[PDB]
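Below is protein.json, holding JSON, C-alpha atoms.
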```
[["chain", "number", "residue", "atom", "x", "y", "z"],
["A", 19, "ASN", "CA", 0.00, 0.00, 0.00],
["A", 20, "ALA", "CA", 0.87, 3.68, -0.02],
["A", 21, "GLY", "CA", 3.74, 5.27, 1.83],
["A", 22, "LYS", "CA", 5.80, 2.08, 1.96],
["A", 23, "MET", "CA", 9.41, 1.82, 0.79],
["A", 24, "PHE", "CA", 12.04, -0.93, 0.62],
["A", 25, "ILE", "CA", 15.63, 0.21, 1.20],
["A", 26, "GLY", "CA", 18.71, -1.70, 0.15],
["A", 27, "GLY", "CA", 22.35, -1.32, 1.02],
["A", 28, "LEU", "CA", 22.20, -0.53, 4.72],
["A", 29, "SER", "CA", 25.45, -0.79, 6.63],
["A", 30, "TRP", "CA", 25.71, -3.86, 8.85],
["A", 31, "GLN", "CA", 25.65, -1.50, 11.84],
["A", 32, "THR", "CA", 22.54, 0.50, 10.89],
["A", 33, "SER", "CA", 19.90, 0.13, 13.63],
["A", 34, "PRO", "CA", 16.14, 0.73, 13.19],
["A", 35, "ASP", "CA", 16.50, 4.01, 15.05],
["A", 36, "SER", "CA", 19.23, 5.07, 12.62],
["A", 37, "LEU", "CA", 16.90, 4.15, 9.76],
["A", 38, "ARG", "CA", 13.98, 5.97, 11.37],
["A", 39, "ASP", "CA", 16.07, 9.01, 12.31],
["A", 40, "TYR", "CA", 17.34, 9.54, 8.76],
["A", 41, "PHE", "CA", 14.02, 9.02, 7.04],
["A", 42, "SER", "CA", 12.05, 11.12, 9.50],
["A", 43, "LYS", "CA", 13.61, 14.08, 7.66],
["A", 44, "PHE", "CA", 11.10, 13.54, 4.85],
["A", 45, "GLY", "CA", 8.01, 13.00, 7.02],
["A", 46, "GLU", "CA", 6.44, 11.26, 9.98],
["A", 47, "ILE", "CA", 6.98, 7.49, 10.09],
["A", 48, "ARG", "CA", 4.44, 4.83, 11.09],
["A", 49, "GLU", "CA", 6.55, 1.65, 10.97],
["A", 50, "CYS", "CA", 10.25, 1.08, 10.42],
["A", 51, "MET", "CA", 12.37, -2.07, 10.42],
["A", 52, "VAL", "CA", 15.92, -3.20, 9.55],
["A", 53, "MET", "CA", 16.85, -6.78, 8.62],
["A", 54, "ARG", "CA", 20.48, -7.94, 8.54],
["A", 55, "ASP", "CA", 21.92, -9.96, 5.70],
["A", 56, "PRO", "CA", 23.42, -12.86, 7.70],
["A", 57, "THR", "CA", 25.68, -14.21, 4.94],
["A", 58, "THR", "CA", 28.39, -12.28, 6.85],
["A", 59, "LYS", "CA", 28.45, -10.20, 10.03],
["A", 60, "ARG", "CA", 29.69, -7.43, 7.71],
["A", 61, "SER", "CA", 27.08, -7.65, 4.96],
["A", 62, "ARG", "CA", 24.67, -4.97, 3.77],
["A", 63, "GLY", "CA", 21.13, -5.19, 5.11],
["A", 64, "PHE", "CA", 17.63, -4.16, 4.09],
["A", 65, "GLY", "CA", 15.18, -1.65, 5.46],
["A", 66, "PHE", "CA", 11.42, -1.14, 5.40],
["A", 67, "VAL", "CA", 9.76, 2.21, 6.09],
["A", 68, "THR", "CA", 6.06, 3.08, 6.17],
["A", 69, "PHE", "CA", 5.53, 6.82, 5.96],
["A", 70, "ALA", "CA", 2.50, 8.53, 7.49],
["A", 71, "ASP", "CA", 2.16, 10.92, 4.52],
["A", 72, "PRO", "CA", 2.41, 9.06, 1.18],
["A", 73, "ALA", "CA", 3.81, 12.28, -0.23],
["A", 74, "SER", "CA", 6.90, 11.53, 1.88],
["A", 75, "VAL", "CA", 7.85, 8.86, -0.68],
["A", 76, "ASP", "CA", 7.96, 11.55, -3.34],
["A", 77, "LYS", "CA", 10.25, 13.70, -1.20],
["A", 78, "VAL", "CA", 12.60, 10.71, -0.78],
["A", 79, "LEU", "CA", 12.73, 9.83, -4.47],
["A", 80, "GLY", "CA", 13.45, 13.45, -5.50],
["A", 81, "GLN", "CA", 16.88, 13.33, -3.89],
["A", 82, "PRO", "CA", 19.72, 12.17, -6.16],
["A", 83, "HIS", "CA", 21.84, 10.75, -3.29],
["A", 84, "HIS", "CA", 21.02, 8.94, -0.04],
["A", 85, "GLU", "CA", 23.71, 8.22, 2.57],
["A", 86, "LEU", "CA", 23.35, 6.60, 5.98],
["A", 87, "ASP", "CA", 26.04, 5.44, 8.40],
["A", 88, "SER", "CA", 28.55, 6.28, 5.58],
["A", 89, "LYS", "CA", 26.96, 3.88, 3.05],
["A", 90, "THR", "CA", 24.93, 4.79, -0.04],
["A", 91, "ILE", "CA", 21.43, 3.42, 0.59],
["A", 92, "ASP", "CA", 18.87, 2.67, -2.10],
["A", 93, "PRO", "CA", 15.26, 3.59, -1.25],
["A", 94, "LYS", "CA", 12.63, 2.11, -3.56],
["A", 95, "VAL", "CA", 8.85, 2.16, -3.63],
["A", 96, "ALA", "CA", 7.75, -1.05, -1.95],
["A", 97, "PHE", "CA", 5.84, -3.59, -4.05],
["A", 98, "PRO", "CA", 4.65, -6.30, -1.66],
["A", 99, "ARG", "CA", 2.59, -9.30, -2.68],
["A", 100, "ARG", "CA", 1.24, -11.55, 0.09],
["B", 19, "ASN", "CA", 10.81, -13.11, 15.42],
["B", 20, "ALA", "CA", 11.34, -16.85, 14.99],
["B", 21, "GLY", "CA", 10.69, -19.16, 12.07],
["B", 22, "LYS", "CA", 11.47, -16.55, 9.43],
["B", 23, "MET", "CA", 13.55, -16.68, 6.26],
["B", 24, "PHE", "CA", 14.14, -14.58, 3.20],
["B", 25, "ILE", "CA", 15.17, -15.43, -0.32],
["B", 26, "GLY", "CA", 16.71, -13.06, -2.84],
["B", 27, "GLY", "CA", 16.90, -13.36, -6.60],
["B", 28, "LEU", "CA", 13.28, -14.21, -7.36],
["B", 29, "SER", "CA", 12.27, -13.86, -10.99],
["B", 30, "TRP", "CA", 9.07, -12.13, -12.02],
["B", 31, "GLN", "CA", 7.96, -15.64, -13.00],
["B", 32, "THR", "CA", 7.74, -16.75, -9.39],
["B", 33, "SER", "CA", 4.38, -16.05, -7.85],
["B", 34, "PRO", "CA", 3.88, -15.69, -4.11],
["B", 35, "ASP", "CA", 1.89, -18.92, -4.39],
["B", 36, "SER", "CA", 4.84, -20.68, -6.06],
["B", 37, "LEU", "CA", 7.16, -19.54, -3.27],
["B", 38, "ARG", "CA", 4.69, -20.78, -0.66],
["B", 39, "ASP", "CA", 4.29, -24.08, -2.49],
["B", 40, "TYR", "CA", 8.07, -24.46, -2.60],
["B", 41, "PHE", "CA", 8.69, -23.84, 1.09],
["B", 42, "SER", "CA", 5.59, -25.62, 2.41],
["B", 43, "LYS", "CA", 7.40, -28.86, 1.62],
["B", 44, "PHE", "CA", 9.60, -28.12, 4.65],
["B", 45, "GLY", "CA", 6.66, -27.39, 6.95],
["B", 46, "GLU", "CA", 3.53, -25.36, 7.31],
["B", 47, "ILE", "CA", 3.95, -21.65, 6.60],
["B", 48, "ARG", "CA", 2.30, -18.86, 8.58],
["B", 49, "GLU", "CA", 3.08, -16.00, 6.22],
["B", 50, "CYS", "CA", 4.50, -15.68, 2.74],
["B", 51, "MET", "CA", 5.21, -12.52, 0.86],
["B", 52, "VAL", "CA", 7.18, -11.32, -2.15],
["B", 53, "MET", "CA", 8.65, -7.84, -2.63],
["B", 54, "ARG", "CA", 9.23, -7.05, -6.28],
["B", 55, "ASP", "CA", 11.69, -4.52, -7.75],
["B", 56, "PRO", "CA", 10.10, -3.05, -10.92],
["B", 59, "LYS", "CA", 14.21, -3.82, -12.50],
["B", 60, "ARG", "CA", 13.54, -6.84, -14.75],
["B", 61, "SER", "CA", 15.34, -9.60, -12.86],
["B", 62, "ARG", "CA", 15.25, -10.31, -9.10],
["B", 63, "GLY", "CA", 12.93, -9.58, -6.16],
["B", 64, "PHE", "CA", 12.76, -10.77, -2.55],
["B", 65, "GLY", "CA", 10.65, -13.36, -0.76],
["B", 66, "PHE", "CA", 9.79, -13.71, 2.91],
["B", 67, "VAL", "CA", 8.47, -16.82, 4.61],
["B", 68, "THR", "CA", 7.34, -17.38, 8.20],
["B", 69, "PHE", "CA", 7.21, -21.00, 9.24],
["B", 70, "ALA", "CA", 4.78, -22.23, 11.85],
["B", 71, "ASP", "CA", 7.54, -24.23, 13.55],
["B", 72, "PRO", "CA", 11.17, -23.03, 13.77],
["B", 73, "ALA", "CA", 12.23, -26.63, 13.10],
["B", 74, "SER", "CA", 11.20, -26.06, 9.48],
["B", 75, "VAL", "CA", 14.02, -23.53, 9.08],
["B", 76, "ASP", "CA", 16.52, -26.29, 9.98],
["B", 77, "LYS", "CA", 15.10, -28.53, 7.25],
["B", 78, "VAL", "CA", 15.52, -25.79, 4.64],
["B", 79, "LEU", "CA", 19.09, -25.10, 5.76],
["B", 80, "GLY", "CA", 20.00, -28.80, 5.95],
["B", 81, "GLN", "CA", 19.19, -29.13, 2.23],
["B", 82, "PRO", "CA", 22.31, -27.65, 0.57],
["B", 83, "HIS", "CA", 20.98, -26.80, -2.93],
["B", 84, "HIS", "CA", 17.69, -25.01, -3.63],
["B", 85, "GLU", "CA", 16.09, -24.10, -6.94],
["B", 86, "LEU", "CA", 12.87, -22.27, -7.83],
["B", 87, "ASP", "CA", 11.46, -21.57, -11.30],
["B", 88, "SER", "CA", 14.84, -22.16, -13.02],
["B", 89, "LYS", "CA", 16.90, -20.04, -10.59],
["B", 90, "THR", "CA", 19.19, -21.26, -7.85],
["B", 91, "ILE", "CA", 18.01, -19.62, -4.60],
["B", 92, "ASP", "CA", 19.77, -19.33, -1.23],
["B", 93, "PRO", "CA", 17.30, -19.19, 1.67],
["B", 94, "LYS", "CA", 18.59, -17.31, 4.74],
["B", 95, "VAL", "CA", 17.40, -16.75, 8.29],
["B", 96, "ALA", "CA", 15.67, -13.41, 8.76],
["B", 97, "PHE", "CA", 16.05, -11.34, 11.93],
["B", 98, "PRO", "CA", 13.64, -8.41, 11.47],
["B", 99, "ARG", "CA", 14.02, -5.67, 14.08],
["B", 100, "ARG", "CA", 11.43, -2.89, 14.34]]
```

When written as structure tokens, how does the structure in this file appear?
Amino acid sequence: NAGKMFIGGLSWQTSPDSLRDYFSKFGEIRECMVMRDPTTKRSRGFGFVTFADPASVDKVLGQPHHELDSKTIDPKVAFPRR
Amino acid sequence: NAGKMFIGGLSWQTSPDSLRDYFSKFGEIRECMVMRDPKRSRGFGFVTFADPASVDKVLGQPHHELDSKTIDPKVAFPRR
């Protein structure tokens, strides 16, 4: 549904509060989660954000660069299928 | 939480129902979900097993394949 985004490339050290704190700069956030890639303890992880205002997604995508915990992260519109 | 796994590299071919059918052979599944990237090659799948034991059966099988693609199921530790 609306307002949801899937984010790739998170540092292995990025916490959910680091993910929430960065993305709060484009709007209020309903739900936020980080999932580690366990192939290594030093592997890039994945993030999920659910914005309160679905216009927040637009604000995110209008940036050319996104950086978090010194890694370039890759926010995408989420396309879930249960 | 427990009993969760994720799979990368899913083709557009693979339906959520196909993913569920694949992993149900290792045990009953509570949740199953696919996240596509539309850009023409590989999305992500998420499965929640009823019983954590089912994760051990997936990981004790060394080679996995789904809809022509080798897949590499991994334990998922989501943290909100």

Determine the nearest neighbour of residue 56 in chain A from the options A:80, A:71, A:38, A:30, counting all atoms listed in the file. A:30

Show me, as a PyMOL selection string, the residues of chain B whose atoms get within 12 Å of chain A, using only C-alpha atoms for the distance check. chain B and resi 19+22-26+30+32-38+48-56+59+63-68+92-100

How big is the axis-aligned box around the listed atoms of range 34-52 of chain B once 3 Å is added on each side, and where is its centre? Give both in Å to one decimal, as AutoDock Vina command-line options.
```
--center_x 5.7 --center_y -20.1 --center_z 1.3 --size_x 13.7 --size_y 23.5 --size_z 20.6
```

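Atom to atom, CA of residue 62 in chain A and CA of residue 41 in chain A stand 17.9 Å apart.
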
Which residues come within 7 Å of range 70-84 of chain B, counting all atoms listed in the file, excluding same-chain residues fewer than 2 positions away, as a PDB file with C-alpha atoms, keeping the file's coordinate frame?
```pdb
ATOM      1  CA  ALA B  20      11.340 -16.850  14.990  1.00  0.00           C
ATOM      2  CA  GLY B  21      10.690 -19.160  12.070  1.00  0.00           C
ATOM      3  CA  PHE B  44       9.600 -28.120   4.650  1.00  0.00           C
ATOM      4  CA  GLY B  45       6.660 -27.390   6.950  1.00  0.00           C
ATOM      5  CA  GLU B  46       3.530 -25.360   7.310  1.00  0.00           C
ATOM      6  CA  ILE B  47       3.950 -21.650   6.600  1.00  0.00           C
ATOM      7  CA  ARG B  48       2.300 -18.860   8.580  1.00  0.00           C
ATOM      8  CA  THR B  68       7.340 -17.380   8.200  1.00  0.00           C
ATOM      9  CA  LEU B  86      12.870 -22.270  -7.830  1.00  0.00           C
ATOM     10  CA  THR B  90      19.190 -21.260  -7.850  1.00  0.00           C
ATOM     11  CA  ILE B  91      18.010 -19.620  -4.600  1.00  0.00           C
ATOM     12  CA  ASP B  92      19.770 -19.330  -1.230  1.00  0.00           C
TER      13      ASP B  92
END
```

Counting all atoms listed in the file, find the residues whose atoms lie at most 10 Å from (-2.9, 8.4, 6.7) (file coordinates) and write them out as a ChimeraX atom specification. /A:20-21,48,69-72

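CA of residue 46 in chain A to CA of residue 27 in chain A spans 22.2 Å [interatomic distance, one decimal].
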
CA of residue 91 in chain A and CA of residue 25 in chain A, how far apart in Å? 6.7 Å
